[PDB]
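# An overview of the molecular structure
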Amino acid sequence: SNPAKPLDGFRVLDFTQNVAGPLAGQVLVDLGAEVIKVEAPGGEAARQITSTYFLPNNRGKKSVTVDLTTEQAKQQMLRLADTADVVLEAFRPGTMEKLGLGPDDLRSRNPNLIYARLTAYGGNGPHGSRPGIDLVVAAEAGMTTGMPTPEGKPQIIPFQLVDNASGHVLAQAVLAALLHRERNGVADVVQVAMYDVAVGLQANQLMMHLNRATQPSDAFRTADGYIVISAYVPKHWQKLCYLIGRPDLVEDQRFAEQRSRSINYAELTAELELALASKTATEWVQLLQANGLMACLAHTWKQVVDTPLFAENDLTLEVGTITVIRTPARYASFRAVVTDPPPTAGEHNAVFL
Amino acid sequence: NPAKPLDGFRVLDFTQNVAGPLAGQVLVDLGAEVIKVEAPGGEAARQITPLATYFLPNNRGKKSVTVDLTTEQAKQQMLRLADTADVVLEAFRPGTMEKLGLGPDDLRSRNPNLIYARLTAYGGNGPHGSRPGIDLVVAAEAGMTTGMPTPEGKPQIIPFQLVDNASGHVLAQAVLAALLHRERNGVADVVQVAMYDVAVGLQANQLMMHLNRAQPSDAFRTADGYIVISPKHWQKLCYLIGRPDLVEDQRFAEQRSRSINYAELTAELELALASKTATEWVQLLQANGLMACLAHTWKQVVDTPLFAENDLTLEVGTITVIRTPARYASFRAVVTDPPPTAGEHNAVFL
């Protein structure tokens, strides 16, 4: 058996490119929807990149090649749009409208269609008019705050956190829209902005500035490497002290309470580091983890994939044979995995064309 | 007052802290009725942060119920409550609810419409996943510290809770899929979301590199400050910079030419971009259709025009919060009510 999936029998038009838009469509595929990629003749840019970028996010999709400039294609797209339940677009504002395949057009012809648009900054006003990628959006939304570089340069995070988070957020909106149409008969217009998601991820830090304005929980030096320890909770902090051989700290003046600990850290780091000199980080992690503490090694990407934890959670699936990482959400009724390969560019031309 | 997608849905939110409560918050914004099950004193996140940071922003428009889960009375109360509900959120330890009698089998046998959603640090799929976790520890363990040099040589820790919020959104997405699943296929599923798996997904492209063994975009210097400046762009940048080189150096040349020259690539650009202030550099570049910006700090971000333009904040009795990011046309996915006080709706649901 292939057990029923939540989006079985829905069809999505995926006009998106790169990572964020596609991730959302990939989630839709994983949930059983039929997602048809609409790509330029030759294929998306991503296919060509790094001989790679493309394979994770496009497995189990269909593909159609069409030149958006041409009226014939426009017409082909219009006819295709009528049978679609959802449309994904990640172009700049007004470009879809210019193409004659804008929201108002498709919604006029198809009253049931859900239109989801993903943008870097949002089409709202002159400052959101611009184009963006993960890096620039992250920097602009303040993601480099509070991290110091030896050269004094802004710390740029090496992974596509905004693109990836936005992709999931866009998936969320489409599911909410689909439920909305199912229970209220409304074909909504959904908008997700990359800047909005990026701001969301730092919301707690941003909140501090919005209204007229935890120790220990850091990475500490050992004999051989760094260990990450978070043990500021009361039961936890005393257990940490006993374990590292300093019971004076548990009740000692200046570290007794979290506020003191938090205020007084520098000294805390010194005491803790002096104590942690006695063992290697791996030794310490084994000790603390056994005693119910939250401690780990700051793994590198090469290390993470070779850990038992990564193996335990079945994060990888083979594609018929490249290995890719699956979407996080997991379900008991069906597998939110899919094993088919990505469509070749325009593979499903004539099926839908 | 228009219909919202989750109108007439009820959720039991046993979750605490940030991630799970953020899921419940997304559900609230979408019109679901979310009832928080809290401890007798209260959530304790209320005490943890004046303004209660990490509590107020994510529990608006919710209900609160105060109950001692250990006692049998509460167990029965929870059981009756469960029956009325559509979804249940749990962020406890991988064995705790079943121990409390509110386990997936227990609640779902009684309620065939009930969706049971579990949020965990590591999943609970084995010995290695049998640990408790927090945003920092999960982020570090998932490899988020990689590639970022620090003055001390210490691992770089991202000072915001990315894993928490991302996981909140993924849990929300998973709950929505389950509801749609129950709507269209008549199945009430057991959703599982692990913070570790979410974190792994955020770095998937990078992780992909190490799973199958066999630029130009960065921040750069200027006269004042730094400018993030990520074919035509290539030409446009050099042209606009006041420098001829596109293939002139030849080390610039094709995009691949950064390998071995990237560090050098930056320096001419650095010298070039001392000719004016960083703000000016961003203005010139943006006008040409270039992707550039300032590396804003959090204080700078809230006073930007771009932030103001996107209606990111809402007032709530006042206190200012940032809204959930997805936007709909048919309705506004925002709620202006405050968080409930502890046990506020104990009379109504018990």
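Residues numbered from 1 in each chain as written, not as in the entry; some residues may be left out. Chains lettered and ligands numbered in written order. Heavy atoms only, no water. Residues with missing side-chain atoms left out of burial classes, pairs and counts.

### Concerning the packing of helix α1 (residues 20–30) of chain A against helix α8 (residues 161–184) of chain A
Residues and elements named next belong to chain A. Interhelical geometry of α1 versus α8 gives an angle of 45 degrees and a closest axis separation of 7 Å. Between α1 and α8, the angle is such that the two are oblique. Of the two elements, α1 crosses α8, and the hand of that crossing is right-handed. Contacts from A20, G21, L23, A24, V27 and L28 in α1 reach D163, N164, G167, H168, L170, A171, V174 and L175 in α8. Split into classes, the residues belonging to the contact of α1 with α8 amount to nine nonpolar, four polar and one charged. (Axes fitted to C-alpha atoms, helices over the stretch in contact; angles between N-to-C directions. Helix = DSSP H or I, 4+ residues; strand = E, 2+ residues; numbered from the N terminus. Parallel < 35°, antiparallel > 145°, perpendicular 65-115°, else oblique. Left-handed = near helix turned anticlockwise from the far one by under 90°. Contact = heavy atoms within 4.5 Å. Nonpolar A, V, L, I, M, F, W, Y, C, P; charged D, E, K, R; others polar.)

### Regarding the UniProt feature "active site" in chain A
All names here are of chain A. Per the UniProt annotation, the sites labelled "active site" are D163. Relative to the assigned elements, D163 resides in helix α8. Contacts of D163, omitting those with residues within four sequence positions, involve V19, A20, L23, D134 and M194. (UniProt positions renumbered as here; feature names shortened; annotations may be inferred.)

### Description of the pairing of strand β4 (residues 87–90) of chain B
As judged from the three bridges shared by strand β1 (residues 10–13) of chain B and β4(B), these two strands associate in the parallel manner. Within β4(B), the position partnered with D13(B) by the bridge is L89(B). (Pairing = 2+ DSSP bridges.)

### Side note on the domain arrangement of chain B
Residues and elements named next belong to chain B. Taken domain by domain, chain B consists of domain 1 (1–218 + 297–350) and domain 2 (219–296). Between the C-alpha centres of domain 1 and domain 2 the distance comes to 41 Å. On the side of domain 2, ten residues touch domain 1, which itself brings nine residues to the contact. Along the lines of polarity and charge, the residues of the side of domain 1 that touches domain 2 split into three nonpolar, five polar and one charged. (Domains from an automatic or database assignment.)

### Looking at the interface of chain A and chain B
With 125 residues of chain A in contact, the opposing surface of chain B contributes 122 residues. Among the elements that take part in the side of chain A that touches chain B, α8(A) stands out by supplying 17 residues, more than any other.

### Overview of the pairing of strand β1 (residues 11–14) of chain A
Residue and element names in this part refer to chain A. Judged from the four bridges that link them, β1 and strand β2 (residues 34–39) form a sheet pairing that is parallel. When the sheet's bridge partners are listed, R11 is paired in β2 with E34. Relative to strand β4 (residues 86–89), β1 is paired through three bridges, and the arrangement is parallel. Opposite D14, over in β4, you have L88 as the bridge partner.

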